[PDB]
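Please read the structure below before turning to the comments.
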Amino acid sequence: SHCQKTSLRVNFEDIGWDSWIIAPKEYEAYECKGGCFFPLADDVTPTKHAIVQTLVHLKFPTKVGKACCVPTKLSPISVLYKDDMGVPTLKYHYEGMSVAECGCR
Amino acid sequence: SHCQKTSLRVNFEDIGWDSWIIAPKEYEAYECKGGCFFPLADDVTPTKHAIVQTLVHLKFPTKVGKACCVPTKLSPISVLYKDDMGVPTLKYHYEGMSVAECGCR
Amino acid sequence: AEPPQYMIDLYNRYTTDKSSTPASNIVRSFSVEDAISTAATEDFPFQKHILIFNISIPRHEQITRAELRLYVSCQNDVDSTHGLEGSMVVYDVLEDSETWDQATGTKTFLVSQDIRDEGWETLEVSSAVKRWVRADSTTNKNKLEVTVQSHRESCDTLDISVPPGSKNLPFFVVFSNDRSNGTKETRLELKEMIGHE
Amino acid sequence: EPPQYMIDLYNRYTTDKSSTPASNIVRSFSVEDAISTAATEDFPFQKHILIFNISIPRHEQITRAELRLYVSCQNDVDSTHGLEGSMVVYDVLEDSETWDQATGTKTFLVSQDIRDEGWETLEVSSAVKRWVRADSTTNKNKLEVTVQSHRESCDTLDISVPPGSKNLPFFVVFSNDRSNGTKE
Ligand SMILES: *[C@@H]1O[C@H](CO)[C@@H](O[C@@H]2O[C@H](CO)[C@@H](O)[C@H](O)[C@H]2NC(C)=O)[C@H](O)[C@H]1NC(C)=O
Ligand SMILES: *[C@@H]1O[C@H](CO)[C@@H](O)[C@H](O)[C@H]1NC(C)=O
Ligand SMILES: [Zn+2]
Ligand SMILES: [Zn+2]
Ligand SMILES: [Zn+2]
Ligand SMILES: [Zn+2]
Ligand SMILES: [Zn+2]
Ligand SMILES: [Zn+2]
Ligand SMILES: [Zn+2]
Ligand SMILES: [Zn+2]
Ligand SMILES: [Zn+2]
Ligand SMILES: [Zn+2]
């Protein structure tokens, strides 16, 4: 395939986070699916090392692997939860919960 | 395994970058090998999405993949090369050439 | 137990399509830990309540606003249909004493509030909490005294619902932001997740 | 093709790793064209108008520029009577198709007394800075170098220039990024 952002809804009960997350119990986390195949275009914002390793992969595919398709930017969500001390906490921007951009690294 | 930095020597002749890279002839680019298996410890600097996705993979291994072990920080090297116009260019800090840290994303 | 609906309503407010983003990113709810109540006397004709809390805000956080929510109600009194009118004042307690309440110690005035309707009242007492965060380990704080003064034509036993009662007890609402603009807070957030993981 | 100076700089930068260079980006610009006029009775010195094609990105802040010339007595007999002289480089603002210094408008850059045969380095950062901020009014991106021999010396003390192919002049521009590496 091709490294791209896909949809992914996460129910916290399924992962067991219902034990402390009061809301929203379920949200859109997104997912980076696909592979980083040569050539790496601009739309995955490749780094020089990612480009190097990819070129090495072409030369030595049995010894060196290709770049991985990972989230480049992450977006916050609104989360109401309980602290470790049980203190009710509401955070309008709970950073790093959903994928904003995907890329090759 | 464990998401960790491994050695990786890159000869520019092998990838064809000898056509513009004057120096060096080969350098240490390093590589992030291993997998992001539960639980993700501090030593791979996991993001909240990486933690979420990991827990989802355990719950739904047929739908969601685990986080990928990728370079988190990158270190520059000194590179002498030719510009697109053929202009000899020397950069003491050629950013993003070698792996400094690895992590789960 | 469960968090107050006020926190949930704040969440619902933030998640509804509001045109205005909140002034504070971090909001916490701290219920009262213990309460010392003294009935009205001839020398001091008002209800006295010393409220002890356990507010603990990280030093990397810069708090914006704090609210003390109390439930004002004529406490199931006869002739309670004669009205409900009065005022209440909250003091930050600096020095305490095991004699009476307001009849001793050291206090700093916070908020004066005239009351009418039975229900929840909100008192902006950000000042006290800021001093509680900057403890300086010299004076014993993290607590405050609330006095309830009834007017002439009002309820006999006008008061706020406090311990040892179990219905509509007081609680703190702290509005806070991160000093490093989210840098230090998200780090502590992460270590919490790995602990929950 | 690349100057040994650039290669030496790389070796210099990679050796002395305990000392970071003042400039991160270094570029080499060889001479594009050269107009040479021999010495006359009216003007007793060698005249050279050197044209370059220096183009530095606007997101880069240049620190220092060097003009490297090869000073040499052009293979003359009776050159063993000594070797002494001087050379001067001017930034050319206005040119003219008659002679070299016998016309136009110039700004003085560097005066250099010379003795040993070999490569000389002239700090002419001022001109390059003016070339980046071109403003498209005057035809620049070029400079004139004059070579003056002292009394009882070589007949043809000069710098190696085109149409020769050995030890030709070239520019060395030291630059850093304004956005601290973000845009570059
Ligand atoms: C000097 O360098 C400039 C680069 O700025 C060259 O300009 C190019 O000229 C060609 C000629 O057709 C154009 O197609 C390009 O668009 C120009 N590039 C730019 C960025 O403007 C110029 O050709 C060079 N001169 C020599 C003699 O090599
Ligand atoms: C009060 O809060 C502190 C937070 O530092 C906690 O350590 C302590 O256990 C709490 N005490 C009670 C009685 O809840
Ligand atoms: Zn492949
Ligand atoms: Zn944010
Ligand atoms: Zn009396
Ligand atoms: Zn904090
Ligand atoms: Zn009043
Ligand atoms: Zn009144
Ligand atoms: Zn009455
Ligand atoms: Zn540049
Ligand atoms: Zn002669
Ligand atoms: Zn002199």
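Heads up, the Cβs are rebuilt from the backbone with ideal geometry, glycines too, and the neighbour counts pull from every protein chain shown. What follows is calculated from the coordinates using simple rules that are stated; it is not laboratory data.
Key figures
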item	result
Number of the condition not met by residue B:64 [criteria: (1) assigned to a loop (DSSP other than H, G, I, E, B); (2) more than 9 Å from every other protein chain (Cβ to nearest Cβ)]	(2)
Count of region D:67-113 residues which are farther than 14 Å from residue D:142 by Cα and either within 16 Å of ligand 7 (Cβ to nearest atom) or among the acidic types (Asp, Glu) (or both)	5
Close pairs (6 angstrom Cβ cut-off, 6 or more residues apart or separate chains): of a type in the set (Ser, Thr, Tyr) in region C:103-118, away from ligand 8 (no atom under 16 Å from the Cβ) anywhere	C:104/C:97; C:106/C:94; C:106/C:95; C:108/C:92
Hey, residue B:7 within 12 Å of chain A (Cβ to nearest Cβ) and small (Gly, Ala, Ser) or not	yes
Of all residues in region A:1-49 being under 30 Å from residue B:98 (Cα atoms) and charged (D, E, K, R), the one that is nearest to ligand 10 (Cβ to nearest atom)	A:48
Residue that is nearest to residue B:34 (Cα to Cα), among those in region A:89-105 that are more than 8 Å from every other protein chain (Cβ to nearest Cβ) and surrounded by 19 or more Cβ atoms within 10 Å (Cβ to Cβ)	A:104
Region C:119-142 - residue that is part of a loop (DSSP other than H, G, I, E, B) and in contact (Cβ under 8 Å) with a residue 40 or more places away in the chain and, of those, farthest from residue C:96 (Cα to Cα)	C:125
Scope region C:143-197; condition within 10 Å of chain A (Cβ to nearest Cβ), within 18 Å of residue C:125 (Cβ to Cβ) and of a type in the set (D, E, K, R); matching residues	none
Matching entry among D:111, D:86, D:96, D:79 (being more than 16 Å from ligand 1 (Cβ to nearest atom), assigned to a loop (DSSP other than H, G, I, E, B), away from every other protein chain (no Cβ under 14 Å) and touching a strand residue (DSSP E or B) at 6+ places or on another chain (Cβ under 7 Å))	D:79
Selection from region C:143-168 of residues that are assigned to a loop (DSSP other than H, G, I, E, B) and out of contact with any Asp or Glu (no Cβ under 6 Å at 6 or more places or on another chain)	C:152, C:153, C:161, C:162, C:163, C:164, C:165, C:166, C:167, C:168
One residue from B:23, B:41, B:29 being within 9 Å of chain A (Cβ to nearest Cβ) and not polar (S, T, N, Q)	B:29
Residue match in region A:81-88 (condition: facing another protein chain (nearest Cβ under 7 Å), part of a strand (DSSP E or B), without any contact (Cβ under 8 Å) to a residue 60 or more places away in the chain and in contact with a helix residue (DSSP H, G or I) (Cβ under 9 Å, 6 or more places away or on another chain))	no
Qualifying residues in region C:33-87 (those that are hydroxyl-bearing (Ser, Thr, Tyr) and in contact with a helix residue (DSSP H, G or I) (Cβ under 9 Å, 6 or more places away or on another chain)) - the one farthest from ligand 4 (Cβ to nearest atom)	C:56
Residue check for residue C:137: under 13 Å from the mean Cα position of the chain (by Cα), more than 16 Å from ligand 12 (Cβ to nearest atom) and surrounded by fewer than 19 Cβ atoms within 10 Å (Cβ to Cβ)	no
Residue match in region D:50-57 (condition: in a strand (DSSP E or B) and either within 16 Å of ligand 1 (Cβ to nearest atom) or within 14 Å of chain B (Cβ to nearest Cβ) (or both))	yes
